[PDB]
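Below: the structure, in structure tokens.
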8 protein chains.
Amino acid sequence: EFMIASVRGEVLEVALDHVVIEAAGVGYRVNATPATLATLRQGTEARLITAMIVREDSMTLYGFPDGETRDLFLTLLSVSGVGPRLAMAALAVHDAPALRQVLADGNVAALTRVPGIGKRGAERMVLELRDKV
Amino acid sequence: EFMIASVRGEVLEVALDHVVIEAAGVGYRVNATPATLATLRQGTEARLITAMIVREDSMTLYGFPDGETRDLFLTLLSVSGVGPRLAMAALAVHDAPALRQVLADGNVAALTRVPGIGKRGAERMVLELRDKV
Amino acid sequence: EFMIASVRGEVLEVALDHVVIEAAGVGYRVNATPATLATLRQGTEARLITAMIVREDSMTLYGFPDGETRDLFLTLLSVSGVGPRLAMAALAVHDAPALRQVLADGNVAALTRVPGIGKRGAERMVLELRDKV
Amino acid sequence: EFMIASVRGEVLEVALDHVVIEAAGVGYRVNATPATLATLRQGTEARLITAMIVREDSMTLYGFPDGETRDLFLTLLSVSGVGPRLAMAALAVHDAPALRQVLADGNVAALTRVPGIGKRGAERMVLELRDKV
Amino acid sequence: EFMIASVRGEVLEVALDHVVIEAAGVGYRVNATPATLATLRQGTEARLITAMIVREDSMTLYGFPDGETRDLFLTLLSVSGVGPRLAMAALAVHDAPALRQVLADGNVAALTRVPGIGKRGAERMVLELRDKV
Amino acid sequence: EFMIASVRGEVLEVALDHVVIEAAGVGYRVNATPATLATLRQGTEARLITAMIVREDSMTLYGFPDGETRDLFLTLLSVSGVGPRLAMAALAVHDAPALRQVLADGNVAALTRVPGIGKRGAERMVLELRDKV
Amino acid sequence: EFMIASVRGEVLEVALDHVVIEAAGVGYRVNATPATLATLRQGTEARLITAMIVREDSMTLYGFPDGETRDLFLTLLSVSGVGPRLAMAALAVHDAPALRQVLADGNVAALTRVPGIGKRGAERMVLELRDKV
Amino acid sequence: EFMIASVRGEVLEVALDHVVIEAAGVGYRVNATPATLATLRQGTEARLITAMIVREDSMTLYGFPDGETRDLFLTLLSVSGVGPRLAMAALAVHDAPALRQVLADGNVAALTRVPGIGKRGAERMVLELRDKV
């Protein structure tokens, strides 16, 4: 239940945590992993499969090269103590496929190499997510 | 008081609870009954009459082939204990016309064949809705 | 501080409390006084100067033929006990110019001819609004 | 985490606290410093790098000629007791570059020439922002 | 999960929707059905089995001569569209035993004699409560 | 629907906006008009008929020598734009009887002598309250 | 940060999920494990070390024979997905000492014998709590 | 506007961040600086001038040997970024008189010796509080 799932248009600017994609006059700001960003050139058209996240005081967009990745993102968020910034850092470090498998396997060690994930965090994931991927 | 009542564009993807309709660069994600979905081919343009639903932490879009159906949807929601998922399941099982008449007639038996509706639920509807359809 | 102030496109449907204006694939639903509605034909392009109203559980759009009217609408809302439905009924009965002057003059009698406005209501307006128009 | 970062289209109206920029049928209302406004002619296309601000009961857009300015705006807001109206008045009086440097230098005197900023206010800024610009 | 279930002390005042019971220096204000009230004399000690009701902007106490009645009260409240004032009016008209049985029997007619209960209301109760009493 | 309507005990301290009344070990802090305060000596027992006011982030108690006054207080609060501090200042200046009659009579002039009440304020009262006293 | 940590007085009633303890005229309702309850006779004085739990729409009290137990209760609650009812059921089945040690040892099997705790639940505890007991 | 300003009774337990003071059967839990605590013996009667702090999900009590101290506490809280825990740590380190004067003098150095107060924090205080003490 996200509403905006892809945004396509001319890339106006590429910073290092985000990008602005002009879709019909409206410049949309989506954030993505540096990896995603890299493959993006200003001036050229581009399409991200996005997760949209709404709270009482914000609406942020999150971008990815495919929804199989975006979808995984939404999942990470389903863990108690997983914020967007975080999920984004997790993906910056474990590509979608790379991640899914760590989580099936219960590879704590792997996850632990992520900024902000102690033993306890890593394991809450594997526990709540092992079946789920 | 819904704001977005129809969304028209190229169908980017058709999953089984939803579809993404690109409307001018912006890929919109609407959900609909499998029935609605069926009649939808990727690649081709398409238009859904939508119910838009806003809460503190989400904005979901709900799609239908016509507003006479969409409108009925909004109504189902008007019942205490009727969530979107639910209304959607009710329609998955009773087409708009099929439903309206069950509800006028007070056909509990009929409604009961819906996933998630006991005697008590079915009757809250018929009671609050019998006049209303 | 409203965000969306006008919506222009092909009129998809004209009901009696509202209209849907397709603006680039997206069908927007604005509400307006029957008067406004009247001047509107389906099939044809059209532009309303809109008031957009956001709460925790809704976003409604309100349409008018000009912002001098729309702006007055926003004002009505500034009165304690004036809801959108109401402001809309007030305008359905007193055109923008017609209204502004009633309110400057303190013409309670006039306002009283509005559905839902007792002595007390009418006067809260004139009191809080007399200077303001 | 702002969502809408630029809006491009035909300028429908230029008032003195804001402007409406039609982006694909949808008239967007952004506010900006008179300075920004000045450089804007009705009838002509135009692009503002915007800050979008969402609360429980509103969504306002704020416009600037560049994001280096817009970005500074977002920052001002990061101070306890700095509202949008305010940040806008601060920029109306100190251009982006002009401001950044006042804040690095700790030039209270300068800031004090802003409507609504006593000693105490000015200093909360310099204190929380001196490093930040 | 109510917290305060009885309040015992000298009756300071008996009005017609409520009473103040001083419990150790603190004058507590509980509301009750006129019936309950009747049996109460100022000056004398007294004990009510109370329902305590907390919201974001209030804490009201509701009093009864016994918890078998108080408990029923809490139940009435469990119905969608049953406010405290209401439950209190229902009891003012149907004593606890009298009521329980109407609700088991499904005696709409009976309930209908209550101020504020149409067909539809009465039936929501019987439906959600028939098993429950 | 206030909960605590009187508090009786030894006066621990008398400041100029409030007093602490120890009721069984618990020191309660009620606020009152200087007038009320005056008649109060530390060391001695005392009883105030109180209005209790609960919000998401506070619970304040308001004290008076009688509930006919306290009750009027609650009423003042019933006006859009009347805060507790205010109602308290209004009573500091117009005793209960003095006030009730100003409000019946529509004596704006009188009310206007209150700190914080312009023409417009005074009249909102008289309008919403004239019948009510 | 609980406020009310013990309540002492005459036991007015002992039901099977709770008890009412009159403390100075005010009948307090605390809930406890059947075990705690057992040791309690109506008519006699009694003291529970309580956890007090406040939300926007309720204030519940939870009772125990000692705070070493009560304190553990508060802890259980510190787990994502642990509600009061739950913590209470956990203690109904594992006395305080019995529990602490299961949690240090990581004895999932043990915890699993609790109503409402699957593998995943049990382990979230042991993970977040193993160090903590 | 605090409600509970003192609590007097037999000290049931003295831990190192708090104490429980039984006031008429009800054991109240107040927190205080170790200093305050020290002077407190279990078994004996005792009185703290308290600050009471209410939020949507808690009510905490804060205790001191006098209100001149308690009052200062409330003030600390008036600073953006000053939480209760904090104010308590500040007082644990600077007695009331000691503190007031640091803040008048603008003695950042002094404040800096407090756990959790960088340059920036210390100065927000002195700035917002210098006049205020």
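Naming works like this for the structure tokens: A, B, ... for the chains as they're shown, residue 1 at the start of each chain, ligands 1 onward in shown order.
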Contact residues around residue 37 (chain C) with only C-alpha atoms at 12 Å, ignoring same-chain residues under 2 positions, as a list in words: residues 11, 13, 14, 15, 16, 17, 18, 19, 20, 21, 30, 31, 32, 33, 34, 35, 39, 40, 41, 42, 46, 47, 48, 62, 63, 64, 65 and 92 of chain C
Just C-alpha atoms for this one: save the residues we selected as a compact mmCIF listing (two decimals), in the first residue's frame.
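And here is the file that came out, out-v3.txt:
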```txt
# COMPACT_ATOMS: atom_id res chain seq x y z
CA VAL C 11 -13.87 16.97 -17.66
CA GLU C 13 -17.73 13.47 -15.16
CA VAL C 14 -20.01 16.14 -13.73
CA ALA C 15 -22.00 15.14 -10.70
CA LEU C 16 -23.95 17.59 -8.56
CA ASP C 17 -21.53 18.17 -5.69
CA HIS C 18 -18.34 17.66 -7.68
CA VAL C 19 -16.47 17.11 -10.94
CA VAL C 20 -13.53 15.05 -12.13
CA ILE C 21 -10.94 16.89 -14.10
CA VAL C 30 -12.88 18.76 -7.06
CA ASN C 31 -16.14 19.84 -5.44
CA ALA C 32 -17.98 23.08 -6.27
CA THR C 33 -21.20 25.00 -5.99
CA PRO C 34 -23.88 23.81 -8.40
CA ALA C 35 -23.52 27.21 -10.03
CA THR C 39 -21.08 26.10 -16.59
CA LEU C 40 -19.20 22.82 -17.06
CA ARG C 41 -19.60 20.38 -19.95
CA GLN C 42 -18.16 16.89 -20.01
CA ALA C 46 -11.67 23.27 -17.97
CA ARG C 47 -9.78 25.05 -15.17
CA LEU C 48 -10.74 25.59 -11.53
CA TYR C 62 -12.48 22.61 -3.58
CA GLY C 63 -13.14 24.28 -6.91
CA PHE C 64 -14.21 27.70 -8.09
CA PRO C 65 -14.21 29.76 -11.29
CA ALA C 92 -24.09 28.22 -3.17
```
Alpha helix (DSSP H) per DSSP on the backbone: members of region 18-53 of chain B, as a PyMOL selection string: chain B and resi 34-38
Interface, chain B side, toward chain E (9 Å; only C-alpha atoms) as a PyMOL selection string: chain B and resi 80+119-121+123-124+127-128
Spatial neighbours of residue 51 (chain H), max dist 9 Å, only C-alpha atoms, sep filter under 4 positions, as a PyMOL selection string: chain H and resi 2-6+60-64+67+70-71+73-74
Test item: residues at most 9 Å from residue 108 (chain A), only C-alpha atoms, excluding those fewer than 3 positions along its chain, as a ChimeraX atom specification: /A:102-103,105,111-113,119,122-123,126
Same residues, N, CA and C atoms, output as a PDB file, in the first residue's frame:
```
ATOM      1  N   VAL A 102      21.654 -14.126   2.719  1.00  0.00           N
ATOM      2  CA  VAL A 102      22.212 -13.977   4.058  1.00  0.00           C
ATOM      3  C   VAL A 102      21.101 -14.249   5.058  1.00  0.00           C
ATOM      4  N   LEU A 103      19.940 -13.667   4.786  1.00  0.00           N
ATOM      5  CA  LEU A 103      18.795 -13.740   5.685  1.00  0.00           C
ATOM      6  C   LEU A 103      18.129 -15.101   5.734  1.00  0.00           C
ATOM      7  N   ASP A 105      19.884 -17.877   5.118  1.00  0.00           N
ATOM      8  CA  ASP A 105      20.939 -18.687   5.727  1.00  0.00           C
ATOM      9  C   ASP A 105      21.131 -18.379   7.215  1.00  0.00           C
ATOM     10  N   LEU A 111      25.618  -9.822   7.992  1.00  0.00           N
ATOM     11  CA  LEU A 111      24.845  -8.635   8.347  1.00  0.00           C
ATOM     12  C   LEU A 111      25.640  -7.700   9.243  1.00  0.00           C
ATOM     13  N   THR A 112      26.430  -8.286  10.143  1.00  0.00           N
ATOM     14  CA  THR A 112      27.171  -7.527  11.155  1.00  0.00           C
ATOM     15  C   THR A 112      28.129  -6.503  10.542  1.00  0.00           C
ATOM     16  N   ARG A 113      28.528  -6.762   9.299  1.00  0.00           N
ATOM     17  CA  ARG A 113      29.416  -5.875   8.562  1.00  0.00           C
ATOM     18  C   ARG A 113      28.695  -4.608   8.111  1.00  0.00           C
ATOM     19  N   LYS A 119      25.032  -7.546  17.213  1.00  0.00           N
ATOM     20  CA  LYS A 119      24.583  -8.931  17.178  1.00  0.00           C
ATOM     21  C   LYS A 119      23.065  -8.922  17.207  1.00  0.00           C
ATOM     22  N   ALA A 122      21.070  -7.694  14.039  1.00  0.00           N
ATOM     23  CA  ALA A 122      21.213  -8.690  12.992  1.00  0.00           C
ATOM     24  C   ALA A 122      20.282  -9.875  13.211  1.00  0.00           C
ATOM     25  N   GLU A 123      20.142 -10.290  14.460  1.00  0.00           N
ATOM     26  CA  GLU A 123      19.425 -11.517  14.749  1.00  0.00           C
ATOM     27  C   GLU A 123      17.913 -11.330  14.761  1.00  0.00           C
ATOM     28  N   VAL A 126      17.073 -11.883  11.049  1.00  0.00           N
ATOM     29  CA  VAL A 126      17.139 -13.278  10.649  1.00  0.00           C
ATOM     30  C   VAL A 126      15.965 -14.055  11.218  1.00  0.00           C
TER      31      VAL A 126
END
```
Which of chain D DSSP labels strand (DSSP E), written as a PyMOL selection string: chain D and resi 4-14+18-23+26-31+45-55+58-64
Residues within 10 Å of residue 96 (chain G), only C-alpha atoms, excluding chain neighbours under 2 positions, as a list in words: residues 66, 68, 69, 70, 71, 72, 73, 90, 91, 92, 93, 94, 98, 99, 100 and 101 of chain G
What's around residue 56 (chain H) at 9 Å? Count only C-alpha atoms, leave out sequence neighbours fewer than 2 positions away in its own chain, and write the answer as a CSV table (one decimal) with N, CA, C and O atoms, in the first residue's frame.
```
chain,number,residue,atom,x,y,z
E,56,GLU,N,-7.9,11.7,25.6
E,56,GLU,CA,-6.8,12.6,25.5
E,56,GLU,C,-7.1,13.9,26.3
E,56,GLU,O,-6.2,14.7,26.6
F,55,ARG,N,-5.1,17.6,29.4
F,55,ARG,CA,-4.7,17.6,28.0
F,55,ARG,C,-3.7,16.5,27.8
F,55,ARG,O,-3.3,15.8,28.7
F,56,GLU,N,-3.1,16.4,26.6
F,56,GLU,CA,-2.2,15.4,26.3
F,56,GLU,C,-0.9,15.5,27.1
F,56,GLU,O,-0.2,14.6,27.3
F,57,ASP,N,-0.6,16.7,27.6
F,57,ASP,CA,0.7,17.0,28.2
F,57,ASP,C,0.6,17.8,29.5
F,57,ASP,O,1.5,18.4,30.0
G,54,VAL,N,0.2,3.9,31.4
G,54,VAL,CA,-0.7,5.0,30.9
G,54,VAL,C,-0.6,5.1,29.4
G,54,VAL,O,0.4,5.2,28.8
G,55,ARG,N,-1.8,5.2,28.7
G,55,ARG,CA,-1.9,5.5,27.3
G,55,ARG,C,-2.9,6.5,27.1
G,55,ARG,O,-3.4,7.1,28.0
G,56,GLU,N,-3.1,6.9,25.8
G,56,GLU,CA,-4.0,8.0,25.5
G,56,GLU,C,-5.4,7.7,25.9
G,56,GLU,O,-6.2,8.6,26.1
H,54,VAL,N,3.5,15.0,32.7
H,54,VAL,CA,2.5,14.2,32.0
H,54,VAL,C,2.7,14.2,30.5
H,54,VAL,O,2.7,15.2,29.9
H,58,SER,N,2.8,8.4,29.8
H,58,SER,CA,3.6,8.3,31.1
H,58,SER,C,3.1,9.4,32.0
H,58,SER,O,2.6,10.5,31.5
H,59,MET,N,3.3,9.3,33.3
H,59,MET,CA,3.3,10.3,34.2
H,59,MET,C,4.4,10.1,35.2
H,59,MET,O,4.3,9.2,36.0
```
